[PDB]
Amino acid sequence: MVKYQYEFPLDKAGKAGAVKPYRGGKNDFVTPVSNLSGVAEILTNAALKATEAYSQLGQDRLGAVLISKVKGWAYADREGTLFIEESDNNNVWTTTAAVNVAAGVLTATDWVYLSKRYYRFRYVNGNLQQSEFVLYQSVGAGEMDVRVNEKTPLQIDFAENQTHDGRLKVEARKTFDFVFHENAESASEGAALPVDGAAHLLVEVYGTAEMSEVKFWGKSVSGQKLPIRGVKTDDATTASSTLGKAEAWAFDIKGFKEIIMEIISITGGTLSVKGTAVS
């Protein structure tokens, strides 16, 4: 039962308390506290021979205080390596973190959030015997709900990885494929493309049909089919229909609700009509 160097102040009535006075006239009191994550245990200060290891006994996280995380500090006069390790059986260990400890340089791990039942520190001394060594361990637990004050907006920044030239990198372009007809054997309107944010459409017409006619249609507000014009990729022909195949037609579809590529007629085989819409 040893006495320490700090002394508890006494209140007006001579009662001791682990408090500090405050306010102008020192007539109020407050208890200084620290979350247990700010406390450390010294695990060892025994100097190691060259190559010798210190191994903490496995620490069970399960208890009255449920340990969630661990952090370490090592100081030695010669270089070594600190390992933070975990085990579900307190027998076979995996390394969760490892830090090189330079000679005469205090070295800290990060907070390591634990998942297996048992944790330990293992410190392996390098090729020179230590004359001085200390190893400290902090643990934490729990999680507090907080409400962020709404008075001041939070200032945010983006990763160097999310910017370029001091600007946030965005992607505005959307693309989708669509089947108007697949291996059609007879005349029909086929499926209607929903324009939904696209501005541009490329339509390919292809198949075995020996004769076919495709008519290009859009629908606007009334729901009636309206003829539209496309531009053929190979020769820049502009037309509102085609008798050809093995060809592709580009359309400006901004403002339409739907696009229909109707097979007006077909004989002697089948025809597919498919496209890609881009915003």
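For every residue, the number given is its place in the sequence shown, counted from 1.
K.L.:
For the stretches 46-54 and 61-69, which has the higher mean C-alpha B-factor as given in the deposited record?
P.N.:
Stretch with the higher mean C-alpha B-factor: 46-54.
K.L.:
Would 152-160 or 169-177 have the larger average of its C-alpha temperature factors, as given in the entry?
P.N.:
Taking the mean B-factor of the alpha carbons in each, 152-160 is higher.
K.L.:
By the CA temperature factor listed in this entry, which of these ranks top: 240, 222, 37, 31?
P.N.:
Checking the PDB record, the top C-alpha B-factor among 240, 222, 37, 31 is at 222.
K.L.:
Reading the B-factor column of the entry, which of 226, 236, 214, 248 has the highest value at its C-alpha atom?
P.N.:
Of 226, 236, 214, 248, 226 has the highest C-alpha B-factor.
K.L.:
Pull the Cα B-factor of residue 8 out of the PDB entry and bin it into the chain's lowest, middle or highest third.
P.N.:
Lowest third of the chain for residue 8's C-alpha B-factor.
K.L.:
Using the B-factors in the PDB entry, rank residue 197's C-alpha atom against the chain and give the third, lowest, middle or highest.
P.N.:
Highest third of the chain for residue 197's C-alpha B-factor.
K.L.:
If you rank the chain by CA B-factor, which third does residue 120 end up in: lowest, middle or highest?
P.N.:
Tercile = lowest for this residue's CA B-factor.
K.L.:
Using the temperature factors of the C-alpha atoms in this entry, rank residue 261 within its chain: lowest, middle or highest third.
P.N.:
Middle third, going by the recorded CA B-factors of the chain.
K.L.:
Could you place residue 186 in the lowest, middle or highest third of its chain by Cα temperature factor, using the values in the record?
P.N.:
For residue 186, the deposited C-alpha B-factor lands in the highest third.
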